[PDB]
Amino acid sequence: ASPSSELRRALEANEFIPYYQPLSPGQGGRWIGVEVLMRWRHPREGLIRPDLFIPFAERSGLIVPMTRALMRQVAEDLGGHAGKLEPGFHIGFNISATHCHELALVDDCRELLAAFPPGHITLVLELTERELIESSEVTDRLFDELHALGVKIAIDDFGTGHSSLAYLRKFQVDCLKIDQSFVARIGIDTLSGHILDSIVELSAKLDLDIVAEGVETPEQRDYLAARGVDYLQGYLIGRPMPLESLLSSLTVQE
């Protein structure tokens, strides 16, 4: 076989699909947004998670077309159900580094925003802190244009990589996402308490929103809310779900 060929074939057959993981307010309430996560519905193997295929997709140069197809599918999925979403509903996408050197991301974003009434949603792009994006005049231009569209920038897996304050102002960062490994250590390791608290400290100093990822227990939720964490995500809040389950739950919240 050829795994590159097989990714191309999967893309042509629309086998990459969105799952939706909800975000809720630190102090509780109805969902204020979703993170969109790629799944591969494989004809044989079933539903495959992205750690099994995204790195190959990056090596092969296919991640950008796969991301575009996801964003288009989200527009067709949630575009006609805006009234189920309270205003300011966040929709987040993980963006690969190569996509951030490409001015076509601006068009991908404008197209997704065009599928909802104006200002109804807030589109969030998540860039992992692990690979820190090298700046150029192209990235300066791209991020100015995204900002002017109303797109927000979140730095994902925060606390695991090595970014600086100066880099946070460069790319106009709106939000830090606390890596789930730090959240897993709450009520256990003392070191990570100081790390977590230092992430919270930085977000206050810079006036940034903060999402904790990986909130699995009530003890985690309560520790994080006592520290002002804006938004919570994790299995306690809701596992990544297909559209049908997302719509179900949004109808209940009303």
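We number the residues from 1 along the sequence you see.
K.L.:
Comparing 165-173 with 90-98, where is the mean C-alpha B-factor higher?
P.N.:
According to the PDB entry, the answer is 165-173.
K.L.:
On mean Cα temperature factor in this entry, is 48-56 or 203-211 the higher one?
P.N.:
It is 203-211 that shows the higher mean C-alpha B-factor.
K.L.:
If I read the C-alpha B-factors straight from the PDB entry, which of 113, 146, 104, 82 is highest?
P.N.:
So the option with the highest C-alpha B-factor is 82.
K.L.:
Out of 195, 62, 224, 36, whose C-alpha atom has the biggest B factor in the entry?
P.N.:
Highest C-alpha B-factor among the listed residues goes to 195.
K.L.:
Within this chain's modelled residues, let me know which third the CA B factor of residue 220 belongs to: lowest, middle or highest.
P.N.:
According to the entry, residue 220 has a C-alpha B-factor in the chain's middle third.
K.L.:
Taking the values exactly as deposited, rank residue 128 by C-alpha B-factor within its chain and report the matching third: lowest, middle or highest.
P.N.:
According to the entry, residue 128 has a C-alpha B-factor in the chain's highest third.
K.L.:
For residue 32, does the deposited CA B-factor place it in the lowest, middle or highest third of the chain?
P.N.:
For residue 32, the deposited C-alpha B-factor lands in the middle third.
K.L.:
Based on the entry's values, in what third of the chain does the Cα temperature factor of residue 180 lie: lowest, middle or highest?
P.N.:
Middle third of the chain for residue 180's C-alpha B-factor.
K.L.:
Relative to the other modelled residues in the chain, which third contains the C-alpha temperature factor of residue 122: lowest, middle or highest?
P.N.:
CA B-factor rank for residue 122: lowest third.
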